[PDB]
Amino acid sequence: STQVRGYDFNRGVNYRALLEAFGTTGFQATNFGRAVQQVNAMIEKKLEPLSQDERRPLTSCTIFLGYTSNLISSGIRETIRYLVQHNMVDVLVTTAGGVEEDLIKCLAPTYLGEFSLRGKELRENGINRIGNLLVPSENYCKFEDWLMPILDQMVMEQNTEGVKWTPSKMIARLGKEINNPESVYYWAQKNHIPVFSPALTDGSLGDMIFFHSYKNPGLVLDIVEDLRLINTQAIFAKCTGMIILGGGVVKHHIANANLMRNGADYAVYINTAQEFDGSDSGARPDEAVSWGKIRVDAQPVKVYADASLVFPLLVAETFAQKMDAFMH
């Protein structure tokens, strides 16, 4: 049985050892160390070779990465981009803001602010607040100018070439169009990583589709085909892992997909929600076990924390140390 003991700074600042010490520090530091172990187990399983019996290359473990939209507003956008760039995860799930703001960041930046800035004076200057971040309205003007010709082409392809659009197919197209290596969705489509977002209309992309539909009516986004697509990613996996940042639709959609295989083998939740309100967001991993979304023999972990603090540290201690195994 393992003793509580924190990092001793009389050793100097040995960063790897400082991070390794979270495991024996207690409370959420210990859960962070457990999450490192769960993700490294996902990775080790993924890198094992496939048996006989056992367009994206299939691996020995399929990793679903989910994140709420605000994390793409944050600099965790870079963290996610890196993982997608190097084919370290296999399926992305995010809400609509998490798609559009990645693209918009290729046209204009987001800025630091404070949570307490007052909306009246912000609105008067055309500045929109996302937590302690700030997005000028002009950013969305630029998005409009960029996106509208693409909506024109998608409608034409729908009506003259038989294309049946879904959120994931639109997201791949937008990633191809943005054509920018800073963009998560550019790498996702380049690497054949599907992106699911069933409420893709809930955001600025929706605004633009809405306005567009009055000059160029008839665009259809079907969510049924995308439900088949995400569920089959789980059903035909040798192994699955879930890494879920935040809650809401993203968290349920990944977990429910994995119910179709009688549960994920590995699971890490990082979120700030709590169970007491009965929310899905705040449900503990053990709630998911009752449904079959996480296997009974799994050892899932939740870290109760803002992912903007934890996720880059998690990546540093897991994926980033196995980078070579993921290249060329």
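One rule holds for the numbers: they count along the sequence shown, beginning at 1.
The modelled chain is continuous from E48 to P49, since every residue of the deposited sequence in that stretch has coordinates.
When 23-31 is weighed against 39-47, 39-47 comes out higher, by mean CA B-factor as recorded in the entry. The mean Cα B-factor in the deposited entry runs higher for 140-148 than for the other of 73-81 and 140-148. Residue-level inspection of the entry shows that, of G247, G162, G98, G241, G162 has the top Cα B-factor. Of the candidates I223, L200, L122, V89, it is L122 whose Cα B-factor is highest according to the PDB record. Among the modelled residues of its chain, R295 has a C-alpha B-factor that falls in the middle third, as given in the PDB entry. Ranked by C-alpha B-factor against the other modelled residues of its chain, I209 falls in the highest third.
In the deposited entry, the Cα temperature factor of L219 sits in the top third of values across the chain's modelled residues. Sort the chain's modelled residues by C-alpha temperature factor and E275 lands in the middle third, per the entry. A325: CA B factor lies in the highest third for its chain, per the PDB record.
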